[PDB]
């Protein structure tokens, strides 16, 4: 009866792309980089790997470093929108996020980041998983174009959240975008209500 919305973290709430680029440039000032306007494809590591030898591994070392996830800046409007969204009648919001393979810091920092921006009580709303298809909900707002896993027919509608890496993608027509948190996310939610 309540509408359930899964909201992705990196690329939707947290600015992974901008934080990575800043830290990559600071740590490797003599390496080439990829300006955000030039990002293409979900995987940062793959494009850097295509840019020059051994750059995939250097990219990876940025997000494997302590404080990388914790120090990500929220995206504009994200904290305000999700707070408003959660307070809406008949609306349950979960933050659904995938950790990286190296688990020393990432899960911890993601919990810490949510506490910081949404408060202790919002920690109950976090779902950490590598497979989003096994989480059920009416909506998934997520910047990754290809969301697959163990469940061939997920219950959610995936709404693509715009990011530098996906902004040029033509979606297969039924599919829909949320262009930024300034875009009309209430209209999207309302279209799913009974």
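Numbering follows the first chain given and starts at 1.
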Query raised in the report: Averaging C-alpha B-factors over each stretch, which comes out higher, 124-132 or 32-40?
Result: 32-40
Report summary line: As the entry reports it, the stretch among 115-123 and 84-92 with higher mean C-alpha B factor is 84-92
**Report entry** Residue, from 157, 46, 64, 143, that the PDB entry assigns the highest Cα B-factor
**Finding:** 46
Query raised in the report: When the modelled residues of the chain are sorted by Cα temperature factor, does residue 150 land in the lowest, middle or highest third?
Result: middle
Requested in this report: Grab the CA temperature factor for residue 137 from the record and place it in the lowest, middle or highest third of its chain.
Outcome: lowest
Report summary line: Assert third(CA B-factor, residue 14) within chain per record equals lowest
Requested in this report: Looking at the entry's B-factor column for C-alpha atoms only, identify whether residue 7 ranks in the lowest, middle or highest third of its chain.
Outcome: lowest
Query raised in the report: Comparing residue 166 with the other modelled residues of its chain, is its CA B-factor in the lowest, middle or highest third?
Result: middle
